[PDB]
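Protein chains in written order, with this note's numbering: chain A, 26 to 423; chain B, -3 to 314; chain C, 7 to 124; chain D, 313 to 361.
The beta carbon of each residue, even a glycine, is placed where N, CA and C say it ideally should be.
Input: a single structure, listed below in structure tokens.
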Ligand SMILES: *[C@@H]1O[C@H](CO[C@@H]2O[C@@H](C)[C@@H](O)[C@@H](O)[C@@H]2O)[C@@H](O[C@@H]2O[C@H](CO)[C@@H](O)[C@H](O)[C@H]2NC(C)=O)[C@H](O)[C@H]1NC(C)=O
Ligand SMILES: *[C@@H]1O[C@H](CO)[C@@H](O[C@@H]2O[C@H](CO)[C@@H](O)[C@H](O)[C@H]2NC(C)=O)[C@H](O)[C@H]1NC(C)=O
Ligand SMILES: *[C@@H]1O[C@H](CO)[C@@H](O[C@@H]2O[C@H](CO)[C@@H](O)[C@H](O)[C@H]2NC(C)=O)[C@H](O)[C@H]1NC(C)=O
Ligand SMILES: *[C@@H]1O[C@H](CO)[C@@H](O[C@@H]2O[C@H](CO)[C@@H](O)[C@H](O)[C@H]2NC(C)=O)[C@H](O)[C@H]1NC(C)=O
Ligand SMILES: *[C@@H]1O[C@H](CO)[C@@H](O[C@@H]2O[C@H](CO)[C@@H](O)[C@H](O)[C@H]2NC(C)=O)[C@H](O)[C@H]1NC(C)=O
Ligand SMILES: *[C@@H]1O[C@H](CO)[C@@H](O)[C@H](O)[C@H]1NC(C)=O
Ligand SMILES: *[C@@H]1O[C@H](CO)[C@@H](O)[C@H](O)[C@H]1NC(C)=O
Ligand SMILES: *[C@@H]1O[C@H](CO)[C@@H](O)[C@H](O)[C@H]1NC(C)=O
Ligand SMILES: *[C@@H]1O[C@H](CO)[C@@H](O)[C@H](O)[C@H]1NC(C)=O
Ligand SMILES: *[C@@H]1O[C@H](CO)[C@@H](O)[C@H](O)[C@H]1NC(C)=O
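Quick look at the structure:
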């Protein structure tokens, strides 16, 4: 602790005092994982391996839910070519659970693919498929010139050419009344086209992360649960460090989390036993080193502020109301305050020398011997000359 | 405030980003610690003006003046007066605690402050102003009151000739103070309100996004990979650090206001309790006789006793 | 202003004890006031009374306090024991003896008496 | 000061962006109101003796 004061004060001498150095923090004994116990593998096959896709004016939203996913299959297999994941990482995607997943599917030109991102405009974005500003999801697309063209032309892939106003995000509009023009037009796809005019199949996985119980989750397997002990945890994605305690908080059957004023999560429903657990944090506080002057002694005592002496990981240990004090001995005598610890306790270097801690004396105690017919009158005087020092100015800076 | 636990919390990833701002957490902790040491300085210089802990005698023969409501209550171990108990009742954490905020105990306990007010009051009623100048020289209470009267330019015979009336008026006025406090402490209440309100604001600013996809930092760390996460965390760091700097600046200005009020109270202790004041309205309305200090939560109550002229008559003068 | 350019009646404002005078000394970025104060010492207990009853008059001290040494009554200044005989010139009359709690009986000297006698 | 009319003015778009910073406009208006009430208090205690 003395070296830590020297290093926090950036000085090789330390003067007499109590110095806050560093913060104590108890650490997680293990990493719990608790997840939905869902066996059903998610049916993404019947989008990525559908025979024929929809036209992008008529883009199709397959709901994926109450299933277990593995997006490392979709990613690392890398038969694809573009895989832009917005608001979620392609990797941490396997470590997370989603309330629903919506798979949005269509075919477009390899040029016009560059329009399908949040905050974009153009033929496809304006009239066919618009991604919202706060979209969470992965745009996955791959070349399909093996299936979606022919010599003499394929004409299967219609897009809306005209609308009275641009689409809203995720708006679907399959209307065909004349705009004069028929409002739809189609890609003539031939094999001999260049990379940008060839067809590409697109599947956009629109994730959502609502307060509902998450129904899709990645492949990780739940651990056992331990209590009245500090742990790291993952609970359907809710991740933190805490002393999981059996909660008496009376959650209504729809509720999954409980929250603090800071929007930390205060209690959680177990995703398998459905019990409620408190997540009070693993304990912490400032560490203050009581030191005499280093020109007096290298011997030091340490105060774990607010921490209870049962918690701190030693020849003397004393529980002040300011916190646990280690390495100073409580003496029942009382003296003038030397180093203030707090809550009536002060510490000093005294006899064989060591740091004592003690209740401070406010002063010597006197009974004035008042009586209804007694007066004390001074028969002499002393002339006292005392110094009072006041600051008046400080160093002028520009 | 553990600035790192406030801004980042448990995350090492955020702690590494936060280090790139350098000293700002040290500046914040150092400023808040300086404010904290100043609160013990304020209490020390107000209450610890007495060299010795004076005790009152067992026979309270103070000439008809009845200090029982303001002297220490013998029936309690807390050694507070009846009026001090009224004052403590007339003013008197998890959400703050869990988010890196800690409230430290005062160095002097409420019992120690009540023991200083006990010493000041015992010295006053047993010895007048003498215990401020030097030794507590005993004098009978009616005679020190007679020299208070002489100080306000009223000849001491007026005190002795009307002594039982003056005692009845004093006792009655203390009774009215007891009832007034039982019915009062706006200045102390406001300081507690402001500090609680500032901390509630500092906690609630943890919910704010500041443009990040979420305010809950372990969302981002469960959900984005490093180079994309770092942009979001730098937004959270920036706004949380600006919330902390706002808090600590307002606490430095509140600290100066309370420091001024503590300096004033230390002056009032010296000039009204340890002495009699010729300064108009400094120790209550009317000509000052004497004042009694009473402890209050985070503050001091002076009971100022003053001579107020009454029932005037017209006269021709030359 | 109040300690150097003047003498202060304000308690503890210009040091502990009764202020006599103060001296300024310059310091780096600030000022040192050397405060000179009278601090009372070597006190003695005395029996005291508010008034002397003489010839049915109550006498009170003009600028002092009544004290007794065990046998005799004296008037003295509050802050330095200088005992003087109780006389018509250092006391003032107000009313009869019955109204004051704790009046005591002693003669009050009149210096005009032995002068008229001489 | 209306912190919103100062920072954003008439714009709803800016107002929605500003809400993401949370309490700061409330803190500012509260501080300026406390300063304002103190000026009446200053006049009261000087002249209403
Ligand atoms: C002044 O006298 C007091 C005692 O009071 C006096 O004696 C009483 C019997 C009664 O006549 C009162 O009216 C008087 O005022 C002295 O106090 C005591 O001192 C002794 C040591 O000599 C000590 O052991 C006792 O504890 C003291 N009494 C109490 C109640 O604490 C005091 O010392 C005298 N002071 C001076 C300066 O002479
Ligand atoms: C320090 O912590 C211990 C727990 O480790 C506290 O002990 C409990 O105290 C309560 C009363 O406050 C009792 O009802 C419990 O039975 C105690 N538990 C045990 C295991 O003994 C103790 O009170 C704490 N002390 C301080 C000063 O914080
Ligand atoms: C001082 O005042 C209190 C009241 O404020 C007096 O208290 C009374 O004391 C008697 C016994 O002496 C009790 O029977 C009463 O019930 C008490 N009244 C209250 C309201 O508590 C006390 O007697 C007074 N003492 C002196 C010396 O005047
Ligand atoms: C109180 O003081 C008086 C003096 O003012 C003392 O009286 C004198 O006593 C001495 C002997 O000790 C005599 O020689 C004087 O003639 C006395 N003078 C008068 C005027 O009587 C008195 O003794 C003192 N009492 C005590 C108890 O000390
Ligand atoms: C103080 O002195 C007065 C006289 O000046 C005393 O009063 C007299 O007391 C006696 C009884 O002892 C009566 O017969 C007289 O009539 C009283 N005279 C007057 C003028 O009232 C008084 O008793 C003395 N008191 C003490 C304690 O010595
Ligand atoms: C599509 O089907 C083939 C087998 O015909 C398989 O190898 C591939 O992994 C499937 N892709 C997806 C995304 O399911
Ligand atoms: C999930 O696991 C629990 C045991 O932890 C079991 O009781 C429950 O039946 C499982 N869920 C289903 C749908 O079977
Ligand atoms: C260190 O302590 C010694 C007394 O043991 C003293 O003489 C010396 O001046 C001190 N040095 C400093 C720098 O305080
Ligand atoms: C202090 O006093 C208590 C009794 O109040 C006693 O039990 C304890 O042993 C004492 N400790 C020391 C170090 O004297
Ligand atoms: C002092 O108190 C006693 C009772 O203890 C009383 O008899 C005496 O008359 C009182 N003296 C004065 C001067 O009031």
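Quick check: is any heavy atom of ligand 9 less than 7 Å from the C-beta of residue i?
| i | result |
| --- | --- |
| residue 356 of chain A | yes |
Please indicate yes or no: does the CB of residue i lie closer than 7 Å to some heavy atom of ligand 1?
| i | result |
| --- | --- |
| residue 394 of chain A | yes |
When the Cα of residue i is compared with those of the options, which residue comes out closest?
| i | options | result |
| --- | --- | --- |
| residue 52 of chain A | A:268, A:401, A:288 and A:417 | A:268 |
| residue 152 of chain B | B:141, B:264 and B:174 | B:141 |
| residue 285 of chain B | B:296, B:162 and B:198 | B:162 |
| residue 83 of chain C | B:143, B:288, B:278 and B:219 | B:143 |
| residue 85 of chain A | A:256, A:280, A:153 and A:328 | A:153 |
| residue 409 of chain A | C:20, C:11, C:12 and C:10 | C:20 |
| residue 168 of chain A | A:216, A:148 and A:226 | A:226 |
| residue 24 of chain B | B:244, B:77 and B:195 | B:244 |
| residue 326 of chain A | A:128, A:43 and A:288 | A:43 |
| residue 84 of chain B | B:156, B:295, B:304 and B:200 | B:295 |
| residue 132 of chain B | A:400, A:419 and A:413 | A:400 |
| residue 281 of chain A | A:273, A:295, A:114 and A:288 | A:295 |
| residue 213 of chain A | A:229, A:246 and A:175 | A:175 |
| residue 375 of chain A | A:49, A:92 and A:358 | A:358 |
| residue 134 of chain A | A:309, A:343, A:366 and A:179 | A:179 |
| residue 181 of chain B | B:82, B:124 and B:5 | B:82 |
Suppose contacts are defined by Cβ-Cβ distances below 8 Å. Is residue i in contact with residue j by that definition?
| i | j | result |
| --- | --- | --- |
| residue 122 of chain A | residue 60 of chain A | yes |
| residue 305 of chain A | residue 270 of chain A | yes |
| residue 257 of chain A | residue 102 of chain A | no |
| residue 26 of chain A | residue 314 of chain A | yes |
| residue 204 of chain A | residue 232 of chain A | no |
| residue 113 of chain C | residue 78 of chain C | no |
| residue 269 of chain B | residue 291 of chain B | no |
| residue 12 of chain A | residue 132 of chain A | A question about residue 12 of chain A goes unanswered here, because the residues of chain A that appear run from 26 up to 423. |
| residue 119 of chain A | residue 95 of chain A | yes |
| residue 98 of chain C | residue 403 of chain A | no |
| residue 46 of chain A | residue 30 of chain A | yes |
Any chance the CB of residue i is under 7 Å from a heavy atom of ligand 7?
| i | result |
| --- | --- |
| residue 298 of chain A | yes |
| residue 62 of chain A | yes |
May I ask you to check if the CB of residue i is nearer than 7 Å to at least one heavy atom of ligand 10?
| i | result |
| --- | --- |
| residue 60 of chain B | no |
First and last residue of the alpha helix (DSSP H) that includes residue i?
| i | result |
| --- | --- |
| residue 309 of chain B | Element bounds for residue 309 of chain B: n/a, residue is neither H nor E. |
| residue 59 of chain B | No alpha helix (DSSP H) contains residue 59 of chain B, which DSSP labels as neither H nor E. |
| residue 147 of chain B | 137 to 147 |
Just curious, the beta strand (DSSP E) that residue i is in, first and last residue?
| i | result |
| --- | --- |
| residue 63 of chain C | 63 to 67 |
| residue 185 of chain A | 179 to 185 |
| residue 226 of chain A | 224 to 233 |
| residue 329 of chain A | 326 to 330 |
| residue 292 of chain A | 290 to 294 |
| residue 8 of chain C | Segment: none, residue 8 of chain C is in no beta strand (DSSP E) and carries neither H nor E. |
Determine which residues share a DSSP beta bridge with residue i and list them.
| i | result |
| --- | --- |
| residue 408 of chain A | C:44 |
| residue 59 of chain A | A:260 |
| residue 350 of chain A | A:328 and A:343 |
| residue 27 of chain C | C:42 |
| residue 111 of chain A | A:162 |
Using a Cβ-based criterion (distance less than 7 Å to any ligand heavy atom), does residue i qualify as near ligand 2?
| i | result |
| --- | --- |
| residue 344 of chain A | yes |
Any heavy atom of ligand 5 closer than 7 Å to the beta-carbon of residue i?
| i | result |
| --- | --- |
| residue 111 of chain C | yes |
| residue 108 of chain C | no |
Closer than 7 Å to a non-hydrogen atom of ligand 8 - does that hold for the CB of residue i?
| i | result |
| --- | --- |
| residue 320 of chain A | yes |
Just to check, is the beta-carbon of residue i closer than 7 Å to a non-hydrogen atom of ligand 6?
| i | result |
| --- | --- |
| residue 73 of chain A | yes |
Can you determine whether any heavy atom of ligand 3 sits closer than 7 Å to the C-beta of residue i, and answer yes or no?
| i | result |
| --- | --- |
| residue 152 of chain B | no |
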